[PDB]
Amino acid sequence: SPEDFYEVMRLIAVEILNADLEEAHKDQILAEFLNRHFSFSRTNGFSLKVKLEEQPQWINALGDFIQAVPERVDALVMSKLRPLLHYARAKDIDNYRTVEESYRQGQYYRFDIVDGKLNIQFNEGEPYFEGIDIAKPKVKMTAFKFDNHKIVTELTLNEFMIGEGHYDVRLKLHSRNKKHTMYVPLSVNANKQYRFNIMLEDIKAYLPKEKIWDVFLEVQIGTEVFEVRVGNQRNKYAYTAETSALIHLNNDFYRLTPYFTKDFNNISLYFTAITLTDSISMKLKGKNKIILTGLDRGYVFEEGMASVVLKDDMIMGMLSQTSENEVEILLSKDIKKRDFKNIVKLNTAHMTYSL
């Protein structure tokens, strides 16, 4: 129960003050006490979790507890807590929730940035709290689709202390050895859902430099840069593990394989050479259907128009991903078995693969 709890934290704050050493050393010890308690106790975001009727009962005890700590100490504590300490002593939970609410989406009544920090007035007539640090945004990968033509991924900023439009975002590919880097511009965003089209024709020339490419979201605020590793929060990955995309580069074949890391479950891209006939079989089904089968893993191809090229003939077709390791190319006419063996080239809607 609230005031039985904050009763206790009040007395602990009292004894830190009546310990036996200097004045300013007690507040530093005390300042660390409420950085942690507001970060890791019941107090964090109580105005959004507790239902609205019981929260009046919460702010009284918090108020008497926060009344016990001197106003001096609000300068050494983490900057984003100064408003909550102030409305705690004032037992003002319309504004206390507003603040905790204001941090989640970055919607303040009035605000602006100064020196890369926030100055916020949370409601009309209330003071401005100045110099509030900007914490790292939480990112959830809410979509991830890919084929042999592009990768489409959606990253959703679930929590960020600053609203849409005042920051820039890019998708960052960082090699595991940190030596090489790729940046993909934003394609479109709907509120805080950020969608990136990674065209493999754009990144084919740079991928061979390293095998492991880790995915980050870069978020820039003027010149303060956040590097957010992405993947550990996500919607359910839509493919069987090791599902890959076929890449063709300087007469050689490669696979691009998304996967999730062992230590922290983040998403990365594995790029390595293959031998096409060891990885994918090509067979004739009926007289007008070509079937591509991933032998060890699924390969996803873009659906739509396709063609097969012989040395003196060509046939159009329609490609469809019938299963996660099986692709059907429905040809526009019959192909004899003897000529099927002489396919020189296979094309999807945007890519060509010389056999």
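From 1 onward, residues are counted along the sequence shown.
- As listed in the deposited structure, the average C-alpha B-factor of 199 to 207 and of 109 to 117 is greater for 109 to 117.
- Between 73 to 81 and 136 to 144, it is 73 to 81 that carries the larger average Cα temperature factor according to the deposited entry.
- Within the listed group 91, 149, 172, 178, the record reports its top CA B-factor for 91.
- The PDB entry gives the largest Cα B-factor of the residues 312, 326, 296, 64 to 64.
- The deposited CA B-factor of residue 331 belongs to the lowest third of values across its chain.
- When the modelled residues of the chain are ordered by C-alpha B-factor, residue 307 sits in the lowest third.
- Annotation for residue 128: CA B-factor lies in the highest third of the chain's modelled residues.
- Compared with the other modelled residues of the chain, the Cα B-factor recorded for residue 286 ranks in the middle third.
- Residue-level temperature factors show residue 348 in the lowest third of its chain, judged at the C-alpha atom.
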